[PDB]
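Q: Using the authors' numbering, read the sequence shown as starting at 1 and increasing by one per residue.
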Amino acid sequence: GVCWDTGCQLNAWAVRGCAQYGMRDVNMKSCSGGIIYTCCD
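What follows is the structure in structure tokens.
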């Protein structure tokens with residue numbers, strides 16, 4: 001049971017999704033153009 005959110009993600013511009021890292025998202029943050037995804041487990 002461990003979580004961790006990453007800074008502003010710009011990669012979202014082209015493609016997004018916690019799946020990219022091989023985990024499930026739990027929360028997100030506000031970002032101009034991009035979006036933050038909190039992957040856990």
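Positions of the beta carbon are idealized from the N, C-alpha and C atoms, including for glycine.
At the level of alpha carbons, what is the spacing between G1 and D41?
A: So the two alpha carbons sit approximately 7 Å from each other.
Q: Under three-state DSSP, which class holds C3?
A: Residue state, collapsed to three classes: strand.
Q: Within the same chain, show all residues whose beta-carbon is closer than 8 Å to that of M28, passing over the 5 residues directly before and after it, in chain order.
A: Contacts found: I35, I36, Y37, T38.
Q: How big is the Cα-Cα spacing for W13 and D25?
A: In a straight line, the C-alpha of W13 is about 17 Å away from that of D25.
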